[PDB]
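Chemist: I need the structure of the sequence given here:
(chains A, B, C, D, E, F, G, H and I, ligands or ions: 1)
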Amino acid sequence: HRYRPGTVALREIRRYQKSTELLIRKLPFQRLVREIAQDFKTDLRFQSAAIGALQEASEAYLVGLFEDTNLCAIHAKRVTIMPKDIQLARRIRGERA
Amino acid sequence: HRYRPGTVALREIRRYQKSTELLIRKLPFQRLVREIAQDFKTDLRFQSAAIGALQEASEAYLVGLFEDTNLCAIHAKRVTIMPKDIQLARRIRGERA
Amino acid sequence: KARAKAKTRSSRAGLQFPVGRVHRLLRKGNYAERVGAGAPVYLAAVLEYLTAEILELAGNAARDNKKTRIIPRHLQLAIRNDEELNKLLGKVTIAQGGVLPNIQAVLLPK
Amino acid sequence: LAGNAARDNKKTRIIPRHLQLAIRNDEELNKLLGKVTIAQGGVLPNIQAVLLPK
Amino acid sequence: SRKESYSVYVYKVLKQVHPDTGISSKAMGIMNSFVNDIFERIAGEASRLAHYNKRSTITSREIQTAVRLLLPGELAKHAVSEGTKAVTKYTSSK
Amino acid sequence: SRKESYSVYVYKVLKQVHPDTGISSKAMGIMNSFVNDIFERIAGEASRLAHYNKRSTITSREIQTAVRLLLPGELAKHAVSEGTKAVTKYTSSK
Amino acid sequence: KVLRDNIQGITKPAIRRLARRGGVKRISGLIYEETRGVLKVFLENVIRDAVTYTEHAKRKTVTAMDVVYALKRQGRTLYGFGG
Amino acid sequence: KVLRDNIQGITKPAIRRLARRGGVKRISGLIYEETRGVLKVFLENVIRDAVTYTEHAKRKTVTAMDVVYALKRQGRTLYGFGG
DNA sequence: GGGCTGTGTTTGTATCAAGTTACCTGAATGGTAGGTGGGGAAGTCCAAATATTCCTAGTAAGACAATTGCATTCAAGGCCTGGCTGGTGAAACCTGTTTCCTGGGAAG
Ligand SMILES: [Mg+2]
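Modeler: Numbers count the residues shown, from 1 in each chain, chains lettered A, B, ... in the order given. Have a look at this structure:
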């Protein structure tokens, strides 16, 4: 009937750790590259295997970030991640100077 | 007269962040390498600039570890580091599999 | 005139990865100026042991989930199941894989 | 930058501590050598301002 | 034109330990690009082993040290002995 | 025998922006080994730029791209324009 | 061509779904303004390294091996697209 | 040559003094059995990579550039000793 | 006691790949001659490792004091979940254009 909080959530963890699908969709990630590329050189083309080389590398970083974020949230006797965790996750690896 | 706890401690932080001295002494670190080298090849010699290349690289790692340990101890509303911090410090960087 | 039977150097060493193709990828990659005759033999073997060891482990995960062909999820999951294969590819993303199933056993429901 | 830190601490010659401290004082010089240990340097003076005494 | 590859030489290894097994196209390219990457790690560490010992020569000794560096633990015990079989078999021939 | 170095060419730069400044022995070796490392990053990325575009030639264009990769942000704006002065001065001579 | 408000294209569930792949049960509402920041840092250190390859060969199309060469540079190798 | 009990050579103040360089005020008494463990992990991934260079040139002395080449391999560069 | 979502089993076809080959060229091999690089054996000298003591400094320890860390309780806020609406994303279709894409070619 009424699920408790943390039950539909844990169904999602075993769901998405099994599939191989695209989580960030294509066109709202393709247009993100058409903002950062405009600075360094206007009028560039992209092969769709290179955009997909980013959509499987940006999703390779956040999942590598959030799984190292959630270590901190558990570490502070919590089960909730917070933006003080990520900003201290990245300072340990040296991914932000 | 009687210092409070945290006063002689904070004198040490501004002391050792100023000097360039050796903290781990030479011979109780030189003999540490004569335990790990015995497995891979017995009867090896070491140049003293190579042992010192380790004494300034092992002290380059723990200080890089403890300064990233103390971020976690402050993060759990504490001022004390604990061995649950280091074992979660290293899991974030990927320095232990 | 004719000549003798051309026996390939991959069949003269008992390997499957070529040695003729590896030996022109050590003289057109500017790795060094001289490349020994035994070096692309020895390197095509190490390319052949490590190509088995993934596909040995990629065969099992295909079988354990009732599959004929190995899709990249199995390559994602054959890696990071083995310990020493993971420490080689510790920095490496495999495309279209997702991650291993993992919960930290604190988020379990109450 | 290694000349300035030698001057600000009243030194004629540049010892590696100054090279340690000229790096990681500048931001963009640090992002080049972010992985790099400099020998015989120690670290910058740093407290997280929570360990200050009470 | 011609794209050289290692795709053919996978079927000659896939049909050695799993003879009733196919492999998809997009999984070939991983085992294709696994090879080209693990090629130039071993070569590109044997290359930098040539400069460190002042020789212009990549021997078959230098590939052995550039496999005992990249492969950890138990792969470094097998892939060494899975090469020195394929050399001793090679040199006794010809 | 002979150990080539960049130690002499530091005093010809140290005495350009701080003419009343010495430098120690063990700090020379850092700026010595800073050079040899930042040499082979730029060369060893210009080298791998030769294979990626199928040329056997390291031009002075390829060193410019292998400095806009290794140097971040504001160093990549100066060290490009601090090279093209030293080339245009060089080529107008001779 | 200019299309703005597309750092806001990384929607609120699609960061939650990425959080679920990392093994995260409960999240805050202030990760969404942190993730979009850390993402655009990572794409301003790949596209900045990718375009200098594509400009160097005087190509107008940043091809598939270009991005892989950029990710080769940072030490995060991507298999499956070549290179 | 064998000399044991020298992971216990990293003494109790010399881990505290390393803790003070990191900016740490108060420590536990159970870091001492953690630090000696994390230290010997780091020296079983450098000496294992250093000796394979020294054996490769058939030298009996692990020289100064050898360790720097090992630290080059892991991605933790050490300046000041060459290399 | 009941329910929901995940899971499984069976069928058909489309698609993807497996198959075999045709050629044709690219490349892969065979036989050779040449030089060079490296490998090997040596030696004086070189750098490190040891045996020692000596002294000293900080290491180790025992005691004490006070803060912090922990565990509980309190209070509520924040977030998760779901019933709903709709705007866009994606998949399928069509193309002209643009760029490449080596490759060859001309001309200064
Ligand atoms: Mg004319």
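
Chemist: Please, which helix or strand holds the residue nearest the centre of chain E?
Modeler: Centroid check for chain E by C-alpha atoms, centre = their mean gives residue E:39 as the closest residue, at 6.0 Å. Per DSSP states H and E, residue E:39 falls inside helix E:25-52.

Chemist: does the next helix or strand after that helix come close to DNA strand I?
Modeler: With elements assigned by DSSP H and E, the helix or strand that comes after helix E:25-52 is strand E:57-58. Yes. Using C-beta under 7 Å from any atom of the strand, we find that strand E:57-58 touches DNA strand I at residue E:57. The way it works is simple: take the backbone N, C-alpha and C, and place the C-beta from them, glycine included.

Chemist: near chain B, which residues of chain G?
Modeler: Proximity of chain G to chain B, by C-beta under 8 Å from any C-beta of the partner chain, involves no residues.

Chemist: can you give me the helices in chain G?
Modeler: Under the criterion DSSP state H, chain G contains helices at G:12-21, G:32-43, G:47-56, G:64-74.

Chemist: Now those in TSV, please, with extra columns for mean neighbour count and distance to residue C:28.
Modeler: Listed next are those as TSV, based on neighbours: other C-beta atoms under 10 Å in any protein chain shown; distance: least, C-beta to C-beta, whole Å:
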stretch	mean neighbour count	distance to residue C:28
helix G:12-21	19	41
helix G:32-43	17	34
helix G:47-56	22	21
helix G:64-74	22	18
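
Chemist: picking up where we left off before, I'd like the distance between the residue nearest to the centre of chain E and chain H.
Modeler: Applying C-beta to the nearest C-beta, to the nearest Å, the value for residue E:39 to chain H is 18 Å.

Chemist: so which strand or helix has the closest residue to that residue other than its chain neighbours?
Modeler: Spatial nearest neighbour of residue E:39, excluding adjacent residues (C-beta to C-beta, 6 or more residues apart in numbering or on different chains): residue C:47 at 6.7 Å. Using DSSP H and E, residue C:47 maps to helix C:39-64.

Chemist: The helix or strand following that helix near chain A at all?
Modeler: On the C-terminal side of helix C:39-64, the closest following helix or strand by DSSP H and E is strand C:69-70. No. Taking C-beta under 8 Å from any C-beta as the criterion, strand C:69-70 and chain A are apart, separated by no less than 13.1 Å.

Chemist: Give the pairing partners of strand C:69-70; include direction for each.
Modeler: strand E:22-23 (parallel) (DSSP bridges).

Chemist: Is DNA strand I within reach of the partner strand?
Modeler: Yes. Judged by C-beta under 7 Å from any atom of the strand, strand E:22-23 comes into contact with DNA strand I through E:22-23.

Chemist: I would like the residues contacting that strand, please.
Modeler: The contact list for strand E:22-23 (C-beta atoms under 8 Å, 6 or more residues apart in numbering or on different chains) reads C:68-70, E:10-11, E:14, E:31.

Chemist: show me what contacts the residue of chain G found nearest chain F?
Modeler: Closest approach of chain G to chain F (C-beta to the nearest C-beta) occurs at residue G:56, with a separation of 4.5 Å. If you count contacts by C-beta under 8 Å, 6+ apart, residue G:56 has them with F:49, F:53, F:61-62, F:65.

Chemist: Could you list which of these also contact chain B?
Modeler: By C-beta under 8 Å from any C-beta, no member of the contacts of residue G:56 lies near chain B.

Chemist: nearest to DNA strand I, of the residues you listed?
Modeler: If you rank these by distance to DNA strand I using C-beta to the nearest atom of the strand, residue F:53 comes first, at 8.2 Å.

Chemist: what about the closest residue to that closest one other than its chain neighbours, distance to chain E?
Modeler: Residue nearest to residue F:53 in three dimensions, not counting chain neighbours: residue G:57, with 5.1 Å by C-beta to C-beta, 6+ apart. Remark: distance between residue G:57 and chain E (C-beta to the nearest C-beta) = 17 Å.

Chemist: so how many other residues sit close to residue G:57?
Modeler: 14 (other C-beta atoms under 10 Å in any protein chain shown).

Chemist: Wait, it touches residue F:55, no?
Modeler: No. Using C-beta atoms under 8 Å, residue G:57 is not in contact with residue F:55, being 9.9 Å away.

Chemist: And for the closest residue to chain E within chain G, the neighbour number?
Modeler: Closest to chain E within chain G is residue G:79: 4.4 Å, counting by C-beta to the nearest C-beta. By the criterion of other C-beta under 10 Å, residue G:79 has 24 neighbours.

Chemist: Quick check: it vs chain H, distance?
Modeler: Separation of residue G:79 from chain H (C-beta to the nearest C-beta): 20 Å.

Chemist: before we move on, back to that, could you report the neighbour count for the residue nearest to residue E:39?
Modeler: Residue C:47: 26 neighbours (other C-beta under 10 Å).

Chemist: residues contacting it?
Modeler: C:17, C:22, E:6, E:35, E:38-39.

Chemist: on that earlier part again, now the contacts of residue G:56 in JSON lines, with neighbour count?
Modeler: Putting the contacts of residue G:56 into JSON lines (neighbours: other C-beta atoms under 10 Å in any protein chain shown) gives the following:
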{"residue": "F:49", "neighbour count": "23"}
{"residue": "F:53", "neighbour count": "13"}
{"residue": "F:61", "neighbour count": "12"}
{"residue": "F:62", "neighbour count": "20"}
{"residue": "F:65", "neighbour count": "19"}
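
Chemist: So the residue nearest to residue C:23 when sequence neighbours are not counted versus residue E:90, what's the distance?
Modeler: Nearest non-adjacent residue to residue C:23, counting by C-beta to C-beta, 6+ apart: residue C:40, 3.9 Å away. Residue C:40 sits at a distance of 10 Å from residue E:90 (criterion: C-beta to C-beta, to the nearest Å).

Chemist: which of these two has more neighbours?
Modeler: In terms of neighbours (other C-beta under 10 Å), residue C:40 is the more surrounded of residue C:40 and residue E:90; the figures are 26 against 23.

Chemist: quick check, stretch A:86-97 touching chain B?
Modeler: Yes. Stretch A:86-97 is in contact with chain B by C-beta under 8 Å from any C-beta, via A:88-89, A:91-93.

Chemist: who touches that stretch?
Modeler: Applying C-beta under 8 Å, 6+ apart, the external contacts of stretch A:86-97 come out as A:65, A:68-69, A:72, B:68, B:71-72, B:75, B:89, B:92-94, D:27, D:30-31, D:34-35, G:31, G:34-35, G:38, G:41.

Chemist: could you check whether that stretch is close to DNA strand I?
Modeler: No. If you take C-beta under 7 Å from any atom of the strand as the test, stretch A:86-97 misses DNA strand I, and the best it gets is 13.5 Å.

Chemist: Buried by neighbour count: which residues of that stretch qualify?
Modeler: Buried residues in stretch A:86-97, defined by neighbour count with 16 or more other C-beta atoms under 10 Å in any protein chain shown: A:86, A:88-90, A:92, A:95.

Chemist: In chain E, what residue lies closest to chain B?
Modeler: residue E:72 (9.4 Å).

Chemist: Specify the local secondary structure of that residue.
Modeler: coil (DSSP: H, G, I helix; E, B strand; the rest coil).

Chemist: mind checking how far it is from chain G?
Modeler: 17 Å.

Chemist: Residue E:16 too?
Modeler: For residue E:16, the distance to chain G - C-beta to the nearest C-beta - is 22 Å.

Chemist: tell me which parts of chain E are close to chain G?
Modeler: Going by C-beta under 8 Å from any C-beta, the residues of chain E near chain G are E:26, E:29-30, E:33-34, E:36-37.
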